[PDB]
file final32.txt (compact mmCIF, N, CA, C and O atoms)
# COMPACT_ATOMS: atom_id res chain seq x y z
N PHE A 1 114.87 145.79 108.15
CA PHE A 1 115.33 146.38 106.86
C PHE A 1 114.73 147.76 106.64
O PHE A 1 113.55 147.98 106.91
N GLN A 2 115.56 148.68 106.14
CA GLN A 2 115.14 150.07 105.88
C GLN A 2 115.76 150.60 104.58
O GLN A 2 115.11 151.35 103.84
N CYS A 3 117.00 150.20 104.33
CA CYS A 3 117.76 150.64 103.16
C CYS A 3 117.68 149.62 102.01
O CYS A 3 117.06 148.56 102.14
N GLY A 4 118.28 149.99 100.86
CA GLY A 4 118.35 149.14 99.68
C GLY A 4 117.01 148.79 99.06
O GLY A 4 115.99 149.39 99.39
N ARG A 5 117.03 147.79 98.18
CA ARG A 5 115.84 147.31 97.47
C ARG A 5 114.97 146.40 98.35
O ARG A 5 113.82 146.11 97.99
N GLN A 6 115.52 145.95 99.49
CA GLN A 6 114.80 145.08 100.43
C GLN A 6 113.60 145.84 101.02
O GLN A 6 112.66 145.24 101.56
N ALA A 7 113.68 147.17 100.91
CA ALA A 7 112.66 148.09 101.40
C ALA A 7 112.23 149.06 100.30
O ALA A 7 111.05 149.43 100.21
N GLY A 8 113.20 149.47 99.49
CA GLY A 8 112.96 150.41 98.40
C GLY A 8 114.16 151.29 98.11
O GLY A 8 114.83 151.12 97.09
N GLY A 9 114.42 152.24 99.02
CA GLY A 9 115.54 153.16 98.88
C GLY A 9 115.64 154.16 100.02
O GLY A 9 115.19 155.30 99.88
N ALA A 10 116.23 153.73 101.15
CA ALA A 10 116.38 154.58 102.33
C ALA A 10 117.74 154.34 103.03
O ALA A 10 118.59 153.62 102.51
N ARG A 11 117.92 154.98 104.21
CA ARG A 11 119.16 154.84 105.00
C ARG A 11 118.81 154.75 106.49
O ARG A 11 117.75 155.22 106.91
N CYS A 12 119.72 154.15 107.29
CA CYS A 12 119.48 153.99 108.74
C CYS A 12 119.81 155.24 109.57
O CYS A 12 119.10 156.25 109.48
N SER A 13 120.88 155.17 110.39
CA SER A 13 121.28 156.27 111.28
C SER A 13 121.92 157.44 110.52
O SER A 13 121.36 158.54 110.46
N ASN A 14 123.10 157.19 109.95
CA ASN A 14 123.85 158.20 109.20
C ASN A 14 124.49 157.57 107.96
O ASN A 14 124.05 156.51 107.51
N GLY A 15 125.51 158.24 107.39
CA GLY A 15 126.20 157.72 106.22
C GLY A 15 127.13 156.57 106.57
O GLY A 15 128.35 156.66 106.41
N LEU A 16 126.52 155.48 107.05
CA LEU A 16 127.22 154.28 107.48
C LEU A 16 127.41 153.29 106.31
O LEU A 16 128.22 153.54 105.42
N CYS A 17 126.64 152.19 106.32
CA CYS A 17 126.70 151.17 105.28
C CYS A 17 125.31 150.60 105.01
O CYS A 17 124.39 150.79 105.81
N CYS A 18 125.16 149.90 103.88
CA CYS A 18 123.89 149.30 103.49
C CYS A 18 124.11 147.90 102.90
O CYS A 18 124.74 147.76 101.85
N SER A 19 123.59 146.88 103.60
CA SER A 19 123.73 145.46 103.21
C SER A 19 123.19 145.16 101.82
O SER A 19 122.26 145.82 101.35
N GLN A 20 123.76 144.09 101.21
CA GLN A 20 123.44 143.61 99.85
C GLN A 20 121.95 143.63 99.51
O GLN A 20 121.57 143.97 98.38
N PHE A 21 121.12 143.26 100.48
CA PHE A 21 119.66 143.23 100.30
C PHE A 21 119.07 144.61 100.56
O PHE A 21 118.18 145.07 99.84
N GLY A 22 119.58 145.24 101.61
CA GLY A 22 119.13 146.54 102.01
C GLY A 22 119.04 146.68 103.51
O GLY A 22 118.02 147.12 104.04
N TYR A 23 120.11 146.28 104.20
CA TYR A 23 120.15 146.37 105.65
C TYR A 23 121.30 147.27 106.09
O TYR A 23 122.47 146.89 106.06
N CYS A 24 120.93 148.48 106.50
CA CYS A 24 121.90 149.48 106.93
C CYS A 24 122.15 149.40 108.43
O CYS A 24 121.26 149.02 109.21
N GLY A 25 123.38 149.73 108.82
CA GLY A 25 123.78 149.70 110.22
C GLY A 25 125.12 150.35 110.45
O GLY A 25 125.75 150.84 109.50
N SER A 26 125.57 150.35 111.70
CA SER A 26 126.86 150.95 112.09
C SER A 26 127.52 150.15 113.22
O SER A 26 128.59 150.54 113.71
N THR A 27 126.90 149.03 113.60
CA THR A 27 127.41 148.19 114.69
C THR A 27 126.94 146.70 114.62
O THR A 27 127.70 145.83 115.06
N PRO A 28 125.71 146.36 114.09
CA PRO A 28 125.24 144.96 114.04
C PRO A 28 125.81 144.19 112.81
O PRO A 28 126.69 144.74 112.14
N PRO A 29 125.36 142.91 112.51
CA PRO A 29 125.85 142.15 111.32
C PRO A 29 125.47 142.79 109.97
O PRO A 29 124.98 142.13 109.05
N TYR A 30 125.74 144.10 109.88
CA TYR A 30 125.48 144.91 108.69
C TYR A 30 126.65 145.88 108.50
O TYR A 30 126.99 146.25 107.38
N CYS A 31 127.26 146.26 109.64
CA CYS A 31 128.40 147.16 109.68
C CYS A 31 129.41 146.66 110.71
O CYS A 31 129.45 147.13 111.86
N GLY A 32 130.21 145.68 110.29
CA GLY A 32 131.21 145.09 111.15
C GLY A 32 131.52 143.68 110.71
O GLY A 32 132.65 143.37 110.32
N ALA A 33 130.49 142.82 110.78
CA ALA A 33 130.59 141.42 110.36
C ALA A 33 129.19 140.86 110.09
O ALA A 33 128.43 140.57 111.03
N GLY A 34 128.85 140.75 108.81
CA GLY A 34 127.55 140.25 108.41
C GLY A 34 127.38 140.22 106.90
O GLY A 34 127.82 139.28 106.24
N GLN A 35 126.73 141.26 106.38
CA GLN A 35 126.47 141.39 104.94
C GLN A 35 126.72 142.84 104.48
O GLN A 35 125.87 143.46 103.83
N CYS A 36 127.91 143.36 104.81
CA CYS A 36 128.31 144.73 104.46
C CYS A 36 128.72 144.86 102.99
O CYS A 36 129.70 144.24 102.55
N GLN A 37 127.94 145.65 102.23
CA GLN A 37 128.22 145.89 100.81
C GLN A 37 128.98 147.20 100.60
O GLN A 37 129.98 147.23 99.88
N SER A 38 128.49 148.28 101.23
CA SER A 38 129.10 149.61 101.10
C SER A 38 130.33 149.78 101.99
O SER A 38 131.42 150.08 101.50
N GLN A 39 130.14 149.59 103.30
CA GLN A 39 131.22 149.73 104.28
C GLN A 39 131.11 148.67 105.37
O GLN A 39 130.02 148.16 105.65
N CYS A 40 132.25 148.33 105.98
CA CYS A 40 132.30 147.33 107.05
C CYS A 40 133.10 147.84 108.24
O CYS A 40 132.52 147.93 109.34
call {"tool": "encode", "arguments": {"input": "final32.txt", "output": "structure tokens"}}
result
Amino acid sequence: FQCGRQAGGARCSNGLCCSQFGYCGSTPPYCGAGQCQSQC
């Protein structure tokens, strides 16, 4: 975890997506199929 409230307030690689808890990604179960809140 790096993004969201699960960590505080950050982002992963680029302007991808950030999971409900605070898990940002662009390919794992955060951006594709998992817990995508912003983008999937």
call {"tool": "atom_distance", "arguments": {"input": "final32.txt", "atom1": "atom O of residue 8 in chain A", "atom2": "atom O of residue 32 in chain A"}}
result
23.5 Å
call {"tool": "residues_around", "arguments": {"input": "final32.txt", "residues": "residue 35 in chain A", "least_positions_apart": "5", "cutoff": "12 Å", "atoms": "only C-alpha atoms", "output": "ChimeraX atom specification"}}
result
/A:17-30,40
call {"tool": "axis_aligned_box", "arguments": {"input": "final32.txt", "around": "range 6-21 of chain A", "padding_each_side": "8 Å", "output": "JSON"}}
result
{"center_x": 119.7, "center_y": 150.9, "center_z": 104.2, "size_x": 33.3, "size_y": 31.3, "size_z": 30.2}
call {"tool": "atom_distance", "arguments": {"input": "final32.txt", "atom1": "CA of residue 38 in chain A", "atom2": "CA of residue 15 in chain A"}}
result
10.0 Å
call {"tool": "atom_distance", "arguments": {"input": "final32.txt", "atom1": "CA of residue 7 in chain A", "atom2": "CA of residue 33 in chain A"}}
result
21.1 Å
call {"tool": "select_by_dssp", "arguments": {"input": "final32.txt", "residues": "chain A", "states": "strand (DSSP E or B)", "output": "ChimeraX atom specification"}}
result
/A:17-18,24-25
